[PDB]
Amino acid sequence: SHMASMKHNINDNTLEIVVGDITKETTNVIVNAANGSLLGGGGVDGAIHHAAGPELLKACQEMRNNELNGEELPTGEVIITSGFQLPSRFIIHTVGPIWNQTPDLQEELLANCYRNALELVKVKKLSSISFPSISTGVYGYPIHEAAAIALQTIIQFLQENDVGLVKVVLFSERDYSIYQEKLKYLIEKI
């Protein structure tokens, strides 16, 4: 099947948007739009658990019990695990905002997912990362607004930092089309 894609170079970095299944990406890191409980759900988190195999859930729950001391992973924060059966080396787990639960903070919190994940890529001297459309499925964040926040945040980070390749993997042509129109718009302002 055809997979729409476009790329833009930002200094020595490359930002790519693509249609695809994030579990098939061979980037160093893939990002899971995780649940706060770090339990496996449906959606992209469910896909990632199914593709990674049963060691993922076990790893995440060990991390919940130890470094998080039974607390939920806070919105906009990150943890990192191995990739297990995924073709990536690592999975960065992040929790996006649930749409309009916290209206005053949710733009910042969504941005935090991207910023915190990208800083962690830098810290570990990894050079490629794939993001899904965080919060625009069951979490209900309007795709038109989320895409703006995701892209602005990524573009800003890549303007100030050497990372390598950042991919956003969209699961539908509609989401890709929105991302494409937003990315083209933001490129024009640079």
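The first residue of the shown sequence is 1; numbering continues from there.
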With respect to the recorded C-alpha B factors, which stretch has the higher mean value, 72-80 or 99-107?
99-107
Selected stretch [higher average CA B-factor]: 32-40 or 117-125:
117-125
Cα B factor band for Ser88 (lowest, middle or highest third within the chain):
highest
Determine, from the deposited record, the chain-internal third of the Cα B-factor for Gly137: lowest, middle or highest.
middle
Lowest, middle or highest third: which one holds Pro54 when the chain's residues are ordered by CA B-factor from the entry?
middle
Pull the Cα B-factor of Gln61 out of the PDB entry and bin it into the chain's lowest, middle or highest third.
middle
Please say which third, lowest, middle or highest, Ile48 falls into when its CA temperature factor is compared across its chain.
lowest
